[PDB]
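Protein chains in written order, with UniProt numbering: chain A, 40 to 152; chain B, 40 to 152.
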């Protein structure tokens, strides 16, 4: 049940006043992600939609840091013999990787300031 | 699953204030193009709805130049013996041409200001 235009347009409508990292922004983003269970593709689409390119680049720097840290430490179901988490979260039969990526996404967005 | 009247109305209303090629307009138009997966015909309809004949003509010229360079170089899926890229992009079995058309379209429209 990937989001259509209407869902994302709403999300941006109520994430317009607040700034990234503020309680409202993170509240809405976490709700949307926990509801639709989106993969990395839809997450990157949502980020490109919401904020400027500078904020997206900052978020991706933080996300690369978090993902590198986690892969060094070890992920429950991460098998690097097929592709990065980045690509392992697109396969629908890898729910654990997808949820881990969503959580790193939300953390990296919350730690921008 | 082509867009409907409500989607177009929302797309136009959300970006009424902004100017063509502004980061906001680029965000919303790029999201629409990447989400609905339309051909050239639907893109022409969308442009006619959004901007006037002047902006339509300027985008038409810019896209003509961009398509010119792109398919004069030679593209993986383009075979010039069957028809112009505007017609190949309208055949649902040539998704590579469709995606190239979408990207040339968005870049051309972004190159206005």
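For every residue, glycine included, the Cβ atom is placed at its ideal position computed from N, Cα and C.
Excluding sequence positions up to five away, which residues of its chain have a Cβ less than 8 angstroms from the Cβ of residue i?
i	result
residue 151 of chain B	59, 60, 94, 97, 98 and 101
residue 36 of chain B	Residue numbering for chain B in the displayed model covers 40 to 152; residue 36 of chain B lies beyond these limits and cannot be assessed.
residue 47 of chain B	85 and 88
residue 82 of chain B	72, 140, 141 and 144
residue 52 of chain A	none
If you drop the 5 nearest sequence neighbours on each side, which residues of the same chain put their C-beta closer than 6 angstroms to that of residue i?
i	result
residue 71 of chain B	50
residue 90 of chain B	59
residue 42 of chain B	75
The alpha helix (DSSP H) with residue i in it runs from where to where?
i	result
residue 88 of chain A	79 to 89
residue 152 of chain B	Unbroken run through residue 152 of chain B: none, as it is neither H nor E.
residue 106 of chain A	92 to 112
residue 72 of chain A	62 to 75
residue 120 of chain A	Per DSSP, residue 120 of chain A belongs to no alpha helix (DSSP H) and is neither H nor E.
residue 58 of chain A	Element bounds for residue 58 of chain A: n/a, residue is neither H nor E.
Assuming residue i and residue j are in contact, meaning their beta carbons sit under 8 angstroms apart, how far apart are those beta carbons, in whole angstroms?
i	j	result
residue 137 of chain A	residue 67 of chain A	Actually they are not in contact, since the Cβ atoms of residue 137 of chain A and residue 67 of chain A sit about 20 angstroms apart, beyond 8 angstroms.
Report yes if the CB atom of residue i is closer than 7 angstroms to the CB atom of residue j, and no otherwise.
i	j	result
residue 127 of chain A	residue 134 of chain A	no
residue 80 of chain B	residue 129 of chain B	yes
residue 140 of chain A	residue 120 of chain A	no
residue 117 of chain B	residue 110 of chain B	yes
residue 69 of chain B	residue 145 of chain B	yes
residue 44 of chain A	residue 149 of chain A	no
Near residue i, which residues of its chain fall below 7 angstroms by C-beta distance, leaving aside the five closest residues on each side in sequence?
i	result
residue 147 of chain A	98, 101, 102 and 105
residue 114 of chain B	139
With hydrogens ignored, establish whether the beta-carbon of residue i is closer than 6 angstroms to any heavy atom of the ligand FAD.
i	result
residue 148 of chain A	The ligand FAD is absent from the structure shown, which contains no ligands of any kind.
Name the residues in the stretch 80 to 108 of chain A whose C-beta lies less than 7 angstroms from a C-beta of chain B; which are they? Listed by position, the residues of the stretch 80 to 108 of chain A near chain B (Cβ gap below 7 angstroms) are 84, 87, 88 and 91.
Proximal residues, the stretch 48 to 81 of chain B versus chain A, C-beta separation under 9 angstroms: Answer in chain order: 49, 50, 53, 62, 66, 67, 69, 70, 71, 73, 74 and 75.
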